[PDB]
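The structure tokens that follow cover one protein chain in two forms, given apart as structure 1 and structure 2.
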Structure 1
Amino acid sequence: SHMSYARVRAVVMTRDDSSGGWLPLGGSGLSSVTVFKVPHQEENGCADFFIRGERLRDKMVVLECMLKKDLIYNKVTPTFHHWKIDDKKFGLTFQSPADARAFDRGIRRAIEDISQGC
């Protein structure tokens, strides 16, 4: 309900065997990327926040990650962002700078809301 922070269609990007490049994970197809909160117990107390990417054609979950307060966000272009949570990285190729900005507020609110509870 008020559990979702953002939902956009984008292409999931993974860091390549090269050194500093990014490529789309598998297909070049769009995925349904959402950011959401999952209550530990009480619907309004402490919770965990996840980023989830589901490929549109075969509904395969190609990305699933738990947000953490220390996470780093990187706006490279107005249409390409990538983040680092602990040791690994994921990135997104948005369809518009709009979607990108909407998603960014989303992740931002979610991160700030992480300690809501204790």
Structure 2
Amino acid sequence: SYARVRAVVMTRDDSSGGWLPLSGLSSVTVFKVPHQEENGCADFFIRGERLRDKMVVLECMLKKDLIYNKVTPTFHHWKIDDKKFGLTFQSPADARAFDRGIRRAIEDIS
């Protein structure tokens, strides 16, 4: 993986008017799936599973034009067209390392 932290996934509620957990603490990973050969073009994803049951709670597909807002330390959110997703981290060191992972992941999109 490009980065691996433990955080709570956030989703903005339009009826609530703010960000809320999607209900658990998850391990969020950034990885690539090769299109053909392992050392070739690939797709990039953000994936998070709740630690209690290893159930996926968020799965994205990284894009070059993706905007990644870092409004406060230990809190990051982005946009995948209609839907909005976010993350709150347990420490800035985990938030900085997760930002470095997806920054290099977009650099490897091609």
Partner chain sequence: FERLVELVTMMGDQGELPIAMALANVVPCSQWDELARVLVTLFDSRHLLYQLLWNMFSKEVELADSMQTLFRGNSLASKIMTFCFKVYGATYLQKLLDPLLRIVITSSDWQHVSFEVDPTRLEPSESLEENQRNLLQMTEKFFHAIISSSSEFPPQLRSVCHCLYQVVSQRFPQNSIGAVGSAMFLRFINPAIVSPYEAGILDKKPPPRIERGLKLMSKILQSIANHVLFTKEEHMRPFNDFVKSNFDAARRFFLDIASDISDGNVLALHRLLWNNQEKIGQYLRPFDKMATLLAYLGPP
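Take the two forms, superpose them, and find the largest set of C-alpha atoms that agree within 1.5 Å; that set is the rigid core. Every residue number counts along structure 1's sequence, beginning with 1. Shifts are known only where both forms have a C-alpha.
Comparing the two isolated chains, structure 1 is the one taken from the form deposited without its partner chain; structure 2 is not.
After superposing the rigid core, the C-alpha of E42 moves by less than 2 Å between structure 1 and structure 2. In the core-superposed comparison between structure 1 and structure 2, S96 has its Cα shifted by less than 2 Å. Remark: with the core as the superposition reference, the CA shift of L71 between structure 1 and structure 2 stays below 2 Å. On rigid-core superposition between structure 1 and structure 2, the C-alpha of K59 is found to move 1.1 angstrom.
For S19, the CA shift between structure 1 and structure 2 after superposing the rigid core equals 6.6 Å. The two forms, fitted on their core, place the C-alpha of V33 0.3 Å apart, compared between structure 1 and structure 2.
Once both forms are overlaid on their core, the residue ranges between structure 1 and structure 2 with Cα shifts reaching 2 Å in three or more consecutive positions are 17 to 20, 85 to 88.
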